[PDB]
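Protein chains: 2
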Amino acid sequence: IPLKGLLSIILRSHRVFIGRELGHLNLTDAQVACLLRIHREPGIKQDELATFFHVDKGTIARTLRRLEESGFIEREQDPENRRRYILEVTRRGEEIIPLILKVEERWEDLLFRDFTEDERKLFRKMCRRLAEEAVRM
Amino acid sequence: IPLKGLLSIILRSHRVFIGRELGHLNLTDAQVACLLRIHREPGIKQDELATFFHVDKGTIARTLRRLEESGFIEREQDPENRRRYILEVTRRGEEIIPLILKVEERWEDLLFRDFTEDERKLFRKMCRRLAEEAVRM
């Protein structure tokens, strides 16, 4: 199994966990990712968010529509370009972030149950280093 | 940044790399994942592949349509259920797998450039352990 395959197995568990724990909010992994990204960059253009994730436009469009329907984000026309849209997290969206982060913590604790704390720390440090390389790549 | 966020940054580099290196084949990360999964399980039902990835039906449908249009997979009606479809990789699809695996190897080598071999081995071992937990979860 290629490294990416292992990472994908891990991420699939995250997807299932998010869907189960936050399903009452009609949230999915894809929506949470978009919500957190907009949260850290208020006013980001939809096309900029699409470029950031490097996924197909159709997928991002449907994901954002669901977040908007649920009232977690707002979308407005870019005053400088009628072909662009500005995204921002609503008050409702900002208020569910703690819940999201708590679910992330719970998922991590479950995933690392058979890891000593030193191993978990080393894994995290290595991931940070690989993420740094990934950004450069 | 939550662990999943770090893993996602890493996976985003993989997505961009796959798109660039295999773009001449109109392949994307999502299509490669589906192709490899069907490759290892000939005859898998489309709904079973959808369940395996735990992603929305619409996304999987579009991903599989692209693979079919490119002639890498074939889809046929399940003789036991008119609501199900059987997937299989075509000869053309099986022949591009080596190219895909070579690209995976190149991506990994680039990602691990600043890692000693012992660190890369330890990272892989930890990922396998986490993937095993992910399956149990």
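Those protein sequence lines, which keep their order, are chains A and A'. A prime marks a further copy of an entry chain. Residue numbers for the first sequence follow the entry's author numbering, beginning at 5 and rising by one. Residue numbers for the second sequence follow the entry's author numbering, beginning at 5 and rising by one. For each residue, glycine too, the CB sits at the ideal point set by N, CA and C.
{"Check": "According to DSSP, is residue 84 (chain A) helix, strand or coil?", "Outcome": "coil"}
{"Check": "Quick one: does residue 74 (chain A') have its CB under 8 Å from some CB of chain A?", "Outcome": "no"}
{"Check": "For the alpha helix (DSSP H) that contains residue 73 (chain A), what are its first and last residues?", "Outcome": "61 to 73"}
{"Check": "Could you give the distance in angstroms between the alpha-carbon of residue 124 (chain A) and the alpha-carbon of residue 116 (chain A)?", "Outcome": "7 Å"}
{"Check": "Return no unless some Cβ of chain A' is closer than 8 Å to the Cβ of residue 58 (chain A).", "Outcome": "yes"}
{"Check": "Strictly below 7 Å CB to CB, what residues from chain A' border residue 132 (chain A)?", "Outcome": "10"}
{"Check": "What span of residues does the alpha helix (DSSP H) with residue 46 (chain A) cover, start to end?", "Outcome": "First-last for residue 46 (chain A): undefined, no H or E at that position."}
{"Check": "According to DSSP, is residue 79 (chain A') part of a helix, a strand, or is it coil?", "Outcome": "strand"}
{"Check": "Can you name the residues of chain A' whose CB is closer than 8 Å to the CB of residue 118 (chain A)?", "Outcome": "133 and 137"}
{"Check": "Could you tell me whether the Cβ atoms of residue 98 (chain A') and residue 89 (chain A') are closer together than 8 Å?", "Outcome": "no"}
{"Check": "Give me the chain A' residues within the contact set of residue 20 (chain A), using Cβ-Cβ distance strictly less than 7 Å, ordered along the chain.", "Outcome": "58"}
{"Check": "Compute the beta-carbon to beta-carbon distance between residue 53 (chain A') and residue 26 (chain A'), rounded to the nearest angstrom, for a pair I have assumed lies under 8 Å.", "Outcome": "About 20 Å; that fails the 8 Å criterion."}
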